[PDB]
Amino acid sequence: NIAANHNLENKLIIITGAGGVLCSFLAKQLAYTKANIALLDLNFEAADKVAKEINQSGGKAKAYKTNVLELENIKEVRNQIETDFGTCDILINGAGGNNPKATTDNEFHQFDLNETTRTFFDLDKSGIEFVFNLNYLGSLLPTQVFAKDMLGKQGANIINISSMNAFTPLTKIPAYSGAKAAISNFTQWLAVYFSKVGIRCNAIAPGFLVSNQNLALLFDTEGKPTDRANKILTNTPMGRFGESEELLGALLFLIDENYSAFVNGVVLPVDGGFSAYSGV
């Protein structure tokens, strides 16, 4: 495991959205750095599954039911973590994602759309708010709580998770795209804000990844690749979807001061060349 190359013994990594697909994979690999891992998620059972796997594999982890949108809940969790492990060294803001209420059915408006089609005009204010809250405030509020504890600590840093959308928006998903542009911006803002007290901030922008959770979404109901999947492959030079494991190197690089002490305020694409391609 390449994570074993990076000695983070006695450091505490706090990971939000830890029960999710990407973060649960990454959390399990980060255990091999010998760090203590706190797994924060609204879904305690999902995070606790990850904690059990880590502990069974010889690592050190614990799950904490947390709502990243509720500041005083995060603060309570921070106190429990202090009892169990200590205070934060590395914060990974993994909580995030999109939802159907802020997604259109159609790539483009048209003059001949079926009445059942959810268009731009059908997106609910609360759906848009939900996406921005989760993907921006859900990183900002944990950063307020845990960065306070990181102040002054050698090697402290923050990781946010951006998206291809932050570079150029994707069709159908305006709120998610806008919120990820905002978190890319916030990454740079934080890097500058904390630049005199030694907390770096960087982001990983994954490209198009596949997992067993989204595999079925890449096909229509008859098992043919969707037009969107075909467009993704067409506009990805390496001609494939990425895998979760392909984010691990970037994460280790950015969180390990021996590798990235002078790397700060970067949004690092891991995307098979997608953002380097014109389409032509």
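Quick note: we count residues from 1 along the sequence shown, nothing fancier.
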{"query": "151-159 versus 205-213 - greater average Cα B-factor per the deposited record", "finding": "151-159"}
{"query": "Greater mean Cα temperature factor according to the PDB record, 62-70 or 243-251", "finding": "62-70"}
{"query": "Largest Cα B-factor, entry values, listed residues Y193, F108, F85, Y136", "finding": "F85"}
{"query": "Identity of residue with top Cα B-factor, from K49, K224, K231, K28", "finding": "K49"}
{"query": "Chain thirds of CA B-factor: placement of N264", "finding": "lowest"}
{"query": "CA B-factor placement of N36, once the chain's modelled residues are sorted into thirds", "finding": "middle"}
{"query": "Chain thirds of CA B-factor: placement of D271", "finding": "lowest"}
{"query": "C23 - which third its CA temperature factor falls in, relative to the rest of the chain", "finding": "highest"}
{"query": "Third of the chain's Cα B-factor distribution that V145 belongs to, per the entry", "finding": "middle"}
